[PDB]
């Protein structure tokens, strides 16, 4: 089961890479080329992640369960680019962009510690990582969105759908984590891999398509 969803991730991310790489080469202006290139590297990093996991790399058992710690290494490089998708479309100020990238880097490193620590202590770092995620939720839902609507007042719903889809998908990750083997262990290890794979595909390929649709709406 797990090996199948890892290979589904490889091909989906790799095929996602080809499309965005083709769009970056044939982009009619620089604004389209940057967004195409951003989503291209996002899918390229994710393809390398799933190829590594599919080949049995980047996994050392913690607490008797298979733990793909390599996710946090590639998420660390791919998730800031997904935030750059948002800040580039909204023409967000660099200070807010830096707070988003810093909170995201903090969320991931502390989420890594929760994954590879003993079962009782793990929940402290989970709470820490969730608190850092709550900062991102606030930053994206309030100051980022209002700034973006104020610059593009004829396309407020475009940014609203963008932030909603982005935050619904990101919110699903700590839900899978807390219920998977490294949390309360309510379901299997194979279902956790499938969840993250479905989520990764949506938040990178699916969201990448949405970002292009948003840029066209911005005209």
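Numbering follows the first chain given and starts at 1.
S.K.: Averaging the C-alpha B factors as listed in the entry, name the stretch that ends up higher: 159-167 or 65-73.
M.R.: Comparing 159-167 with 65-73, the higher average CA B-factor belongs to 65-73.
S.K.: Take the C-alpha B-factors listed in the entry for 75-83 and for 109-117, compute each mean, and give the stretch with the larger one.
M.R.: Taking the mean C-alpha B-factor of 75-83 and of 109-117, the larger value falls to 109-117.
S.K.: Hey, out of 143, 90, 102, 95, whose CA B-factor is highest in the deposited coordinates?
M.R.: Of the candidates given, the C-alpha B-factor peaks at 95.
S.K.: Relative to the other modelled residues of the same chain, rank the CA B-factor of residue 133 and answer lowest, middle or highest third.
M.R.: Lowest third - that is where residue 133 ends up once the chain's C-alpha B-factors are sorted.
S.K.: Hey, what third does residue 177 fall into on Cα B-factor, ranked over its chain?
M.R.: For residue 177, whose C-alpha B-factor we compare with every modelled residue in the chain, the answer is the middle third.
S.K.: Sort the modelled residues of this chain by their C-alpha B factor and say whether residue 199 lands in the lowest, middle or highest third.
M.R.: Lowest third of the chain for residue 199's C-alpha B-factor.
S.K.: Taking the C-alpha B-factors as the PDB entry records them, is residue 215 in the lowest, middle or highest third of its chain?
M.R.: Answer is middle: the recorded C-alpha B-factor places it there.
S.K.: Splitting the chain's C-alpha B-factors into thirds, which one does residue 21 fall into?
M.R.: Middle third - that is where residue 21 ends up once the chain's C-alpha B-factors are sorted.
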